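Visitor: Here's a structure for you.
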Amino acid sequence: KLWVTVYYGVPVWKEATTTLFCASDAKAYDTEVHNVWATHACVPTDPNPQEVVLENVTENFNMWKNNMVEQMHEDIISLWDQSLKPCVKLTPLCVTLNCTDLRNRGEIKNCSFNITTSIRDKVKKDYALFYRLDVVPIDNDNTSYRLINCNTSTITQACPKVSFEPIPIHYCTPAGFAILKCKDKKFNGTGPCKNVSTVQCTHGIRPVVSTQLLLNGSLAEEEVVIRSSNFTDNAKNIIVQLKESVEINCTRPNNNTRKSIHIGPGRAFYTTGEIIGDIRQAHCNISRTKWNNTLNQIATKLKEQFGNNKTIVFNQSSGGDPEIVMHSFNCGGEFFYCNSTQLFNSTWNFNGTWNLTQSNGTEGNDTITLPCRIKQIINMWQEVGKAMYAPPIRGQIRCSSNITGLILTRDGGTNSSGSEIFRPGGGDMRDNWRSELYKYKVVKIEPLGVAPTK
Amino acid sequence: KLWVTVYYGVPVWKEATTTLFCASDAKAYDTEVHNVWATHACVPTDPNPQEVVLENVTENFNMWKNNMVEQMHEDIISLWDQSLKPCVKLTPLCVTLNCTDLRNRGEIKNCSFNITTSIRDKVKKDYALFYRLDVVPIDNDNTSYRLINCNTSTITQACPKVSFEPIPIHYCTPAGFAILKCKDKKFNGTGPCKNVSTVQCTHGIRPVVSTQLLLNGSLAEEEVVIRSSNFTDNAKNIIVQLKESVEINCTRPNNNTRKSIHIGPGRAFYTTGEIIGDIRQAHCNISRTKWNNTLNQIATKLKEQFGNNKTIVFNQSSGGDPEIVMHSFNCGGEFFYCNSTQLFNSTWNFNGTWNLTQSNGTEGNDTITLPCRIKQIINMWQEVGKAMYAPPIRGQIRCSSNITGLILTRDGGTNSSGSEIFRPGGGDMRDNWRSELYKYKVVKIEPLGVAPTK
Amino acid sequence: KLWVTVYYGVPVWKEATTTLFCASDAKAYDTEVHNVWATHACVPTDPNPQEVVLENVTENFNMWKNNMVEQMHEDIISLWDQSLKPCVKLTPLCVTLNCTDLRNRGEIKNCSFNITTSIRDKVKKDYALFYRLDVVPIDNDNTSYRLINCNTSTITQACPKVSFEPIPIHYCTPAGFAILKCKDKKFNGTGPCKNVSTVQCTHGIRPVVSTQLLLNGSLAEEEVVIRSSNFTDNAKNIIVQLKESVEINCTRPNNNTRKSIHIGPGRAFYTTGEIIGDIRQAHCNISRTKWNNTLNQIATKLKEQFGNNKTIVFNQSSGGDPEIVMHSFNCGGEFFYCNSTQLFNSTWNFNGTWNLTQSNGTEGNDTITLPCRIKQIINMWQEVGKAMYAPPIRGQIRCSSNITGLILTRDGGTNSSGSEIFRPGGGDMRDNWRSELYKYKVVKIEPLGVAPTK
Amino acid sequence: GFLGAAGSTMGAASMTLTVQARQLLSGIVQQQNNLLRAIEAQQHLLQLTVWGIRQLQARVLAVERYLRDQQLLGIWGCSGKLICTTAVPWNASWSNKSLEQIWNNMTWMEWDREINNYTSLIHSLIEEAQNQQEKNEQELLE
Amino acid sequence: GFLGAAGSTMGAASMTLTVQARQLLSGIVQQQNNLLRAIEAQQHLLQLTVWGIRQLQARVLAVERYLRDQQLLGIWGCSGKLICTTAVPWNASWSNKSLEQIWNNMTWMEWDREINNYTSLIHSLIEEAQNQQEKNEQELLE
Amino acid sequence: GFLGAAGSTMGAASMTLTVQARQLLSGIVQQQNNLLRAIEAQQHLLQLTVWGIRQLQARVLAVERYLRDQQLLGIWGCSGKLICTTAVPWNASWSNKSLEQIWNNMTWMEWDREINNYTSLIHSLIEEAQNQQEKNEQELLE
Ligand SMILES: CC(=O)N[C@@H]1[C@@H](O)[C@H](O)[C@@H](CO)O[C@H]1O
Ligand SMILES: CC(=O)N[C@@H]1[C@@H](O)[C@H](O)[C@@H](CO)O[C@H]1O
Ligand SMILES: CC(=O)N[C@@H]1[C@@H](O)[C@H](O)[C@@H](CO)O[C@H]1O
Ligand SMILES: CC(=O)N[C@@H]1[C@@H](O)[C@H](O)[C@@H](CO)O[C@H]1O
Ligand SMILES: CC(=O)N[C@@H]1[C@@H](O)[C@H](O)[C@@H](CO)O[C@H]1O
Ligand SMILES: CC(=O)N[C@@H]1[C@@H](O)[C@H](O)[C@@H](CO)O[C@H]1O
Ligand SMILES: CC(=O)N[C@@H]1[C@@H](O)[C@H](O)[C@@H](CO)O[C@H]1O
Ligand SMILES: CC(=O)N[C@@H]1[C@@H](O)[C@H](O)[C@@H](CO)O[C@H]1O
Ligand SMILES: CC(=O)N[C@@H]1[C@@H](O)[C@H](O)[C@@H](CO)O[C@H]1O
């Protein structure tokens, strides 16, 4: 007799598509910054969350179809909007300016425009430092320079107090939803997994905004992984998981000035003041040997349909948006943009060894040194509207970032079977956020269970 | 021993006064109109809602005291407000106009006023078609015409994309509240009922806004019903339920022009353009015989305290508001106002047969043909504020509406026992909404039950 | 065997810190005032709330640490803000004025300034009565007088319809939180209590805004109580609980005029019109003997560390804010400010009897008669922002208030052990609200209970 | 039989309780076919008005009423099923009436109505009479 | 006896539990005499402030606490009535103490307080000790 | 064993249910260490965004799902513990399958999946079959 029987508390795992919550460790709430670009009144991470590794189990994942990225970016936008709300506005700072190109392409020209004051009619004059990227020369009437962000939308401050530093963040599931995480290293996005390790709260991550690269992220070990949502699709970005990490030096030697000037009834604008001493340009020095090893690793990892084990070629992006043709990130509130023209000029097709470099016999110019840029304004998630203004950091901007991933775009404007061309692609900003979400899968838990029982 | 005993899930029916929810069938969500004046993201009707007919049961109803009408109209207003929110404004379209009475009372005069543009100072000139009801001639300074709606409140567009067509709508009860519906045909508003048929979700209805009449509504069968909240009270409207339905032809032969002109940063105004060909007036042709049969039916149904079975008299409304002295409705977004001066001039007092017409020997002028009007602006539920603007329909406006009800007002300014005079009354707009709510009664369900048991 | 056992519905009392709710008796909702400064749509007091006196029990209280005061004042502010929302604004009533000092320091000078009207350009002229406290003479350009409240923030009406009279208010606890109230009379703020009487809804109170005193409040019986959050701390206010109560006569003989003048589209300003007859000043007559008895009682109650049972001295406040250097309250909407310069000039140090007065042989000038002030604008809880305007009461303002408490501040700018000096302190406005909250203590109730049982 | 099956009955009404209970609590299926996310088929706007927020709100209020029902079941120890007795006798409060006739000719409603403050009068005793004075079953031997 | 009837007792405190439970959960009556729809008698405004929205909100938070109580009753299988035991012994965690004296001279509070992390220590075992290791009753013959 | 302890099992899966249930419903502790009132250590702003209001909102939706679970337990009279049977037989709907093998080689999931509309088909019968047609226990003598 197969008498139907009902059971509760049963082990059940089903495809969850639900909200996740914020978690920030005790070290978070000990950061003591009213908000360093990232922290809230949200729940901290629990002292000891349970990550039950599930073995002799199987779970199919799809990071590109995982909805985690969506809520992540939405809550990021909600938090950034709500953080911008308390910041003072810069609508009158919008006024025309007149910039003198003192440092002579150096893009360091003191600009002195009108900044209004508390009373309606009492207005004085100030000057700050502006780059060639905050204002443009007018060629219609060519009278002065205009902020591009100021002739297109509104202008407001970026909460200079709120520094844009990366903080650890933890995503927890609701009660009855789990996040099944693969424990595999060659585990791709849309694959099954046997190292299922049910996770109530997902492991702490470091969401540093970056383009075409990763900074201080989850490291993929025991191999180089090169995934893409569609490999045949040349437009599809090619996500790569480097085995090791490199030491970046996006560090500007020159100091910064801050000129805390009260503008409104309680509103102050941190204009960039003059810089003490000879004002040089930001530089960057990066290692050579480990990079060559990782490059051989990728080129060996690139050989996917390589014709006779030699089809690997790289080229610089033809061009396009600044945020998609180069590597941008935030570091100390200053939006660093260390360039990436040193990676497109190398080719490990025939010999990975021919292009390899010996550390003991390192060349003279081996240490990668390339120019490194910065910025003051930014539009998150490619959203055209009210902009912001990064205040100075009043000091030599030292950024130390690491490397654990890469994004490429196969070249479609070339031969199909002649030579595989990869070019930097920074188009999709969610490929950055999904690179670490190929194991996590929100999983529903249902105790109900029927079963014929005697 | 009458040991008290408690019971659960008991059949219990009590007077409910609660909220009802929206339901719109699958055909609704297949209408594919972002919103045709009526649809939402609300719950669709379930595939097979249960309407348990309850027999050998009794239930007293009072449609005039039923609270359903209140929430219905309130949610209608909330939905209309929330739909108006996304529509573009017409505040600058408010500017004075100068209309030339080209078609010469025809109320078709091309009007050409200033319509502003995206930039503050770049303004061009346009002309549209306006009726004599959107603007008035000034007699104080008599310089030009002014929109009446524009010198009294604000002006905004009526979401031309959102066409004001009637859609099926379903009202569902919450969990534990039922709607007990009478299954009776001579069942009046404040009466008991034995054909109780508990209904979780009330039957689908067609809320077409109309005055003094009904369009595409619930048909009352097997008799003519003439109810009123107070028959003695002459001011009380006299609600009538015709047995059969007539074929209306509120159809305008002349076409419409639309002049989609961008006014604001993304806002466009559909001005009525010129009409191709000879511009005539809207007409209407209605049947004669079935109407005579229904009229005999009512006059026979009117004999309530008729003196010797002949006291039935009808007269046109003395006058008053346009929405209460005539029949107005919406049909294709154009607010049709087919007149009703052909019904007040008839009298079946002595012989219902003397006034009856033979179909085979129909007269020459038997087919009721009367002039039919339209409109562009409207104020729902007689609310004086920000108005709207109906766009053109760009085509011959064909309206096919049916008849299933009527509202009268007994004449108080006449003799009390000499002759019963009924006049069209369109004062109360909720009599229209309650005509079909004389059976439904939200009914509460309570499982608790005490009972002395041995 | 101490088998652990679990129990439910257990008697348990734990430190609650939760919200309390509003309760207003049936007599409240029969007050029929749309809102007399205090009433809402909130829950009325239940007909018979249970106040279980708990005996052979103990409970430690701390009124100064009790959170009740916080939610009380916050909800007071929320209610006042939400009540101000419907009141008409007075921004154009802000305009300059020109006041003539007709009554000649009398502070009664008819002021006639511009009051605008419904149309933009149609403005007439009006005059009202203004005191010397609503406007100030300009000494920079000395052209006319300006409202102080009008050159610092916005101006709006004080809902003249909403009269600022005291009403009974009841605070109820949520379901599972109790308010344990001490039933002791010498029970101080941070003390234990054995007369615990669990109270679901706290006893009805009379929150009349007052400074340095109490009006129509909870009477402390069977003794004079003189508490303070820190007695050694001279800045600490010295809260006193008089045994008996005195009969105040803050009554203005002169009448009031009201000039209901429509200003906006539906907004009217009640300007103070001219006063009929000889315009005198408000007076006040207070009893002598009972006050002497209570003063002997306090001076006997003051002897805390009195050197040889004679160290009691009182002095007037050196000075400061009007709301903290004098006694202010609300009575009929007019903010009465009966002065308190008759209490600082008395000293029962050596003989309480020497300063005592016989009722039968009362002196000629025994009946305390002192000048009594009023006001039109006010800032609640010392909050600098948009002000309000008290309308006239159009009648002889009769205020009858009683006495049940007192606030002092020990004098720090004097000798430590030479003579104890108390001065009126009105700094803390929550000492007034906590004087009656020394017994109530929100108490949590937990049914869970473990216990080794055989 | 959502709510019918009982015109004037106490026994038949008692036996059709589960059918009535299952028919009444079936609105969750209707809420499941919302199909109502953002559009019907092609386009749509927000339209979320006080009407539908209050559709969900009336949903919440009724389901809270059912929750209070479950809490009462918990207070009396009466949550096992619809069959659960009381340790409280019917006061002679109600008027002299035959029980079986109260059943067959009260439709549950007539006995309730003129026991009505009697039915509630007998209600509050149960908590401290069935739980406070809480006895087991019968007292018999074997 | 809403909360009194137990100064220092475990038995008397245990016997007055139903009275305390009924007295404590009586605020629904107070919420019933709201009379508070829109006006007291003649006129009124909205006035609905954070104060009263939070009156209802504190109501909601406490009633949610009682709901979590019911959920715990469900987890342990302990929802029948206030009388429900545990399959878990009191660890020698608590200090040596006479039980009956823990009863009569702990007011439930002293035994709880210095068992307090012991009382909670004995708490979590119940779910997988009374339900996980869930046995029936006694083992006897007839 | 929050969710493991059952790769392909019906018996072992059934025996690790309490462990899975206790491990899954442990998020209340995490909500307890919010430390999240207004600031982390020194300063802070409001920052309360749709993200966290929706953290609490997803909390509410899941806990409502557990509440509906408790309501279902109440409807069937099945709230005593995880061990509770049905008065409904498995229809020959499911395909011919060995039961013990459905147990050991269905992981609860294979039998569920191809009984799936069968499992739900057997679901609705329980309310009016275990409560409507509600019988006691066995029929034996003494
Ligand atoms: C391919 C694979 O499954 N690798 C995992 C590895 O990522 C993990 O750190 C380790 C922990 O023991 O277990 C291995 O099985
Ligand atoms: C050649 C050179 O300058 N190397 C430095 C290295 O010594 C330093 O440790 C590192 C820090 O990131 O930055 C590099 O640029
Ligand atoms: C007067 C009356 O009750 N008429 C109803 C009729 O409306 C309904 O369509 C029919 C269905 O069988 O049942 C009849 O009893
Ligand atoms: C005399 C006449 O024109 N009759 C037409 C009729 O043929 C048509 O079917 C109907 C459609 O509603 O409209 C009427 O006006
Ligand atoms: C010191 C003290 O406890 N006094 C209280 C008194 O306030 C209360 O009115 C009375 C009621 O019987 O009980 C007394 O014990
Ligand atoms: C001397 C004098 O005027 N005494 C009066 C007294 O008669 C009156 O009852 C009381 C009312 O509060 O006010 C006092 O001022
Ligand atoms: C109290 C009551 O209703 N009694 C009636 C009784 O008068 C009638 O003779 C009988 C016939 O079945 O039905 C019972 O219900
Ligand atoms: C642990 C404790 O409190 N023990 C005391 C005991 O010392 C006292 O002799 C006795 C008198 O009744 O009361 C008990 O409660
Ligand atoms: C239905 C099913 O899965 N049957 C398999 C069977 O084929 C296999 O021989 C056995 C070995 O243990 O495991 C069972 O689960």
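Letters A, B, ... go to the chains of the structure tokens in the order shown; residues in each chain start at 1; ligands are counted from 1 in the same order.
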Residues within 9 Å of ligand 7, counting only C-alpha atoms and all ligand atoms: report them as a count of residues only.

Guide: 9

Visitor: Could I get the residues of chain C with an atom no further than 10 Å from an atom of ligand 5, each paired with its nearest atom pair and that distance in Å to one decimal, using only C-alpha atoms and all ligand atoms, sorted by chain and residue number, as a Markdown table?

Guide:
| residue | atom | partner | partner_atom_place_in_ligand_line | distance |
| --- | --- | --- | --- | --- |
| C:53 | CA | ligand 5 | 11 (C) | 9.2 |
| C:55 | CA | ligand 5 | 15 (O) | 9.4 |
| C:182 | CA | ligand 5 | 3 (O) | 8.0 |
| C:183 | CA | ligand 5 | 7 (O) | 4.9 |
| C:184 | CA | ligand 5 | 3 (O) | 4.0 |
| C:185 | CA | ligand 5 | 1 (C) | 5.2 |
| C:186 | CA | ligand 5 | 1 (C) | 6.5 |
| C:187 | CA | ligand 5 | 1 (C) | 7.7 |
| C:193 | CA | ligand 5 | 3 (O) | 8.5 |
| C:194 | CA | ligand 5 | 3 (O) | 7.5 |
| C:195 | CA | ligand 5 | 3 (O) | 5.6 |
| C:196 | CA | ligand 5 | 3 (O) | 9.2 |
| C:220 | CA | ligand 5 | 7 (O) | 8.9 |
| C:221 | CA | ligand 5 | 7 (O) | 7.7 |
| C:222 | CA | ligand 5 | 7 (O) | 8.4 |

Visitor: Would you output that residue set with N, CA, C and O atoms, as a PDB file, in the first residue's frame?

Guide:
ATOM      1  N   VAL C  53      -3.046  46.348  41.019  1.00  0.00           N
ATOM      2  CA  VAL C  53      -2.043  46.699  42.008  1.00  0.00           C
ATOM      3  C   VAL C  53      -1.275  45.433  42.348  1.00  0.00           C
ATOM      4  O   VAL C  53      -1.871  44.400  42.675  1.00  0.00           O
ATOM      5  N   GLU C  55       1.271  43.848  44.910  1.00  0.00           N
ATOM      6  CA  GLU C  55       1.804  44.017  46.250  1.00  0.00           C
ATOM      7  C   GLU C  55       2.745  42.864  46.539  1.00  0.00           C
ATOM      8  O   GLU C  55       2.791  41.874  45.804  1.00  0.00           O
ATOM      9  N   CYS C 182       4.528  52.934  40.160  1.00  0.00           N
ATOM     10  CA  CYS C 182       4.647  52.970  41.599  1.00  0.00           C
ATOM     11  C   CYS C 182       3.438  53.669  42.192  1.00  0.00           C
ATOM     12  O   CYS C 182       2.918  54.639  41.634  1.00  0.00           O
ATOM     13  N   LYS C 183       2.993  53.166  43.338  1.00  0.00           N
ATOM     14  CA  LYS C 183       1.883  53.754  44.071  1.00  0.00           C
ATOM     15  C   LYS C 183       2.374  54.522  45.292  1.00  0.00           C
ATOM     16  O   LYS C 183       1.635  54.711  46.261  1.00  0.00           O
ATOM     17  N   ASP C 184       3.626  54.964  45.259  1.00  0.00           N
ATOM     18  CA  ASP C 184       4.250  55.628  46.390  1.00  0.00           C
ATOM     19  C   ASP C 184       4.280  57.136  46.182  1.00  0.00           C
ATOM     20  O   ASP C 184       4.289  57.635  45.055  1.00  0.00           O
ATOM     21  N   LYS C 185       4.258  57.861  47.294  1.00  0.00           N
ATOM     22  CA  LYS C 185       4.167  59.312  47.264  1.00  0.00           C
ATOM     23  C   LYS C 185       5.499  59.989  47.503  1.00  0.00           C
ATOM     24  O   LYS C 185       5.772  61.045  46.922  1.00  0.00           O
ATOM     25  N   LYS C 186       6.318  59.404  48.364  1.00  0.00           N
ATOM     26  CA  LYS C 186       7.722  59.771  48.483  1.00  0.00           C
ATOM     27  C   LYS C 186       8.598  58.957  47.548  1.00  0.00           C
ATOM     28  O   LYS C 186       9.818  58.895  47.748  1.00  0.00           O
ATOM     29  N   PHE C 187       8.013  58.388  46.500  1.00  0.00           N
ATOM     30  CA  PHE C 187       8.793  57.620  45.534  1.00  0.00           C
ATOM     31  C   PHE C 187       9.495  58.562  44.554  1.00  0.00           C
ATOM     32  O   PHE C 187       8.843  59.231  43.751  1.00  0.00           O
ATOM     33  N   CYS C 193      10.290  50.227  43.972  1.00  0.00           N
ATOM     34  CA  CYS C 193       8.933  50.432  44.457  1.00  0.00           C
ATOM     35  C   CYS C 193       8.287  49.093  44.779  1.00  0.00           C
ATOM     36  O   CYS C 193       8.474  48.114  44.054  1.00  0.00           O
ATOM     37  N   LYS C 194       7.515  49.067  45.864  1.00  0.00           N
ATOM     38  CA  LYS C 194       6.746  47.891  46.244  1.00  0.00           C
ATOM     39  C   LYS C 194       5.279  48.008  45.872  1.00  0.00           C
ATOM     40  O   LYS C 194       4.638  46.991  45.588  1.00  0.00           O
ATOM     41  N   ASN C 195       4.740  49.228  45.857  1.00  0.00           N
ATOM     42  CA  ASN C 195       3.390  49.467  45.356  1.00  0.00           C
ATOM     43  C   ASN C 195       3.445  49.523  43.832  1.00  0.00           C
ATOM     44  O   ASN C 195       3.164  50.538  43.188  1.00  0.00           O
ATOM     45  N   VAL C 196       3.813  48.395  43.260  1.00  0.00           N
ATOM     46  CA  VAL C 196       3.719  48.195  41.824  1.00  0.00           C
ATOM     47  C   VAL C 196       2.260  47.927  41.502  1.00  0.00           C
ATOM     48  O   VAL C 196       1.612  47.068  42.104  1.00  0.00           O
ATOM     49  N   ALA C 220       1.004  65.586  44.188  1.00  0.00           N
ATOM     50  CA  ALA C 220       1.725  64.693  45.084  1.00  0.00           C
ATOM     51  C   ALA C 220       1.246  64.945  46.503  1.00  0.00           C
ATOM     52  O   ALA C 220       1.351  66.070  47.006  1.00  0.00           O
ATOM     53  N   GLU C 221       0.723  63.900  47.144  1.00  0.00           N
ATOM     54  CA  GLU C 221       0.015  64.057  48.407  1.00  0.00           C
ATOM     55  C   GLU C 221       0.817  63.558  49.610  1.00  0.00           C
ATOM     56  O   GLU C 221       1.792  62.809  49.450  1.00  0.00           O
ATOM     57  N   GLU C 222       0.395  63.960  50.820  1.00  0.00           N
ATOM     58  CA  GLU C 222       0.894  63.415  52.081  1.00  0.00           C
ATOM     59  C   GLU C 222       2.316  63.899  52.384  1.00  0.00           C
ATOM     60  O   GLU C 222       2.952  63.405  53.323  1.00  0.00           O
TER      61      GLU C 222
END

Visitor: Write out as a PyMOL selection string the residues lying within 8 Å of segment 60-70 of chain E, counting only C-alpha atoms and excluding same-chain residues fewer than 3 positions away.

Guide: (chain C and resi 174-177) or (chain D and resi 71+74) or (chain E and resi 56-57+73-74+79)

Visitor: Take the selection from the previous step and output its residues with N, CA, C and O atoms, as a compact mmCIF listing (two decimals), in the first residue's frame.

Guide:
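Okay, part37.txt is ready:
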# COMPACT_ATOMS: atom_id res chain seq x y z
N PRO C 174 1.36 48.74 24.16
CA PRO C 174 1.00 47.71 23.18
C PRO C 174 0.71 46.38 23.86
O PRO C 174 0.74 46.30 25.09
N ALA C 175 0.39 45.34 23.08
CA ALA C 175 -0.09 44.08 23.64
C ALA C 175 1.07 43.18 24.01
O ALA C 175 1.68 42.55 23.15
N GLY C 176 1.31 43.06 25.31
CA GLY C 176 2.49 42.41 25.84
C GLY C 176 3.46 43.34 26.53
O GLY C 176 4.41 42.86 27.15
N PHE C 177 3.23 44.65 26.47
CA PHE C 177 3.98 45.61 27.27
C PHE C 177 3.04 46.24 28.28
O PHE C 177 1.94 46.68 27.95
N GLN D 71 -4.72 32.51 16.38
CA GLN D 71 -4.27 32.84 17.74
C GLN D 71 -5.29 32.40 18.78
O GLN D 71 -4.93 31.87 19.84
N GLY D 74 -5.07 28.85 19.32
CA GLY D 74 -3.95 28.58 20.21
C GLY D 74 -4.25 28.86 21.67
O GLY D 74 -3.80 28.11 22.55
N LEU E 56 -0.09 52.33 16.01
CA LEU E 56 -0.39 51.11 15.26
C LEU E 56 0.88 50.32 14.97
O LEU E 56 0.85 49.08 14.93
N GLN E 57 2.01 51.01 14.78
CA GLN E 57 3.26 50.32 14.46
C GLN E 57 3.82 49.56 15.65
O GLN E 57 4.32 48.44 15.50
N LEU E 73 6.01 27.81 19.50
CA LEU E 73 5.12 26.74 19.94
C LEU E 73 4.98 25.67 18.86
O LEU E 73 4.97 24.47 19.16
N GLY E 74 4.88 26.09 17.60
CA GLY E 74 4.81 25.14 16.51
C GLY E 74 6.08 24.34 16.30
O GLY E 74 6.03 23.15 15.99
N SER E 79 2.24 23.79 21.24
CA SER E 79 1.15 24.76 21.11
C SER E 79 -0.16 24.31 21.74
O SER E 79 -1.16 25.04 21.62

Visitor: Once you count only C-alpha atoms, which residues of chain A turn out to be within 8 Å of chain F? Could you give them as number ranges by chain?

Guide: A: 2-13, 18-22, 28-35, 40-46, 50, 52-57, 71, 74-76, 78-79, 82-83, 174-178, 198, 200, 449-453

Visitor: When the cut-off is 7 Å and you count only C-alpha atoms and all ligand atoms, which residues lie near ligand 2, shown as a list in words?

Guide: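 Written in the requested form, the residues are residues 247, 248, 249, 284, 285, 286, 367 and 400 of chain A.
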
Visitor: Would you list the residues that come within 12 Å of ligand 6? Count only C-alpha atoms and all ligand atoms and give the answer as a list in words.

Guide: residues 246, 247, 248, 249, 250, 251, 252, 253, 283, 284, 285, 286, 287, 288, 362, 364, 365, 366, 367, 368, 369, 370, 398, 399, 400, 401 and 402 of chain C

Visitor: Do a neighbour search on segment 420-437 of chain A at 7 Å with only C-alpha atoms, toss out local chain neighbours closer than 6 positions, and write the hits as a PyMOL selection string.

Guide: chain A and resi 63-64+69+211-212+214+218+237+311-317+324-325+407-411

Visitor: According to DSSP computed on the backbone, where in chain E is there helix (DSSP H, G or I)? Give the residues as JSON, numbers by chain.

Guide: {"E": [11, 12, 13, 14, 15, 17, 18, 19, 20, 21, 22, 23, 24, 27, 28, 29, 30, 31, 32, 50, 51, 52, 53, 54, 55, 56, 57, 58, 59, 60, 61, 62, 63, 64, 65, 66, 67, 68, 69, 70, 71, 72, 73, 74, 75, 99, 100, 101, 102, 103, 104, 109, 110, 111, 112, 113, 116, 117, 118, 119, 120, 121, 124, 125, 126, 127, 128, 129, 130, 131]}

Visitor: What are the residues of chain D that have an atom within 7 Å of an atom of chain E, counting only C-alpha atoms, as a PyMOL selection string?

Guide: chain D and resi 74+77+128+131-132

Visitor: Using only C-alpha atoms, which residues sit within 10 Å of residue 385 of chain A once same-chain residues fewer than 5 positions away are excluded, as a JSON list (two decimals) with N, CA and C atoms, in the first residue's frame?

Guide:
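Generated file (around.json):
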[["chain", "number", "residue", "atom", "x", "y", "z"],
["A", 149, "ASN", "N", 29.23, 69.02, -18.19],
["A", 149, "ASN", "CA", 28.20, 68.52, -17.30],
["A", 149, "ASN", "C", 27.23, 69.61, -16.90],
["A", 152, "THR", "N", 24.34, 70.40, -19.88],
["A", 152, "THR", "CA", 23.57, 69.22, -20.28],
["A", 152, "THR", "C", 22.57, 68.83, -19.21],
["A", 153, "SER", "N", 22.89, 69.11, -17.95],
["A", 153, "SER", "CA", 22.03, 68.76, -16.83],
["A", 153, "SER", "C", 22.43, 69.63, -15.64],
["A", 154, "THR", "N", 21.91, 69.29, -14.47],
["A", 154, "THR", "CA", 22.23, 70.03, -13.26],
["A", 154, "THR", "C", 23.59, 69.61, -12.72],
["A", 155, "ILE", "N", 24.08, 70.38, -11.74],
["A", 155, "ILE", "CA", 25.35, 70.10, -11.08],
["A", 155, "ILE", "C", 25.13, 70.12, -9.58],
["A", 379, "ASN", "N", 29.31, 59.52, -14.08],
["A", 379, "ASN", "CA", 27.92, 59.10, -14.24],
["A", 379, "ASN", "C", 27.86, 57.58, -14.07]]

Visitor: Could you pull out the strand (DSSP E or B) residues of segment 214-355 of chain C, going by DSSP on the backbone, and write them as a PyMOL selection string?

Guide: chain C and resi 225-228+237-241+247+250-251+259-262+268-272+283+285-286+313-314+329+331+334+337-338

Visitor: What separation in Å, quoted to one decimal, exists between atom CA of residue 90 of chain A and atom CA of residue 150 of chain A?

Guide: 9.7 Å

Visitor: Do a neighbour search on segment 101-111 of chain C at 9 Å with only C-alpha atoms, toss out local chain neighbours closer than 3 positions, and write the hits as a list in words.

Guide: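 Counting only C-alpha atoms, the residues come to residues 97, 98, 126, 127, 128, 129, 130, 131, 132, 133, 272, 273, 274, 279, 280 and 281 of chain C.
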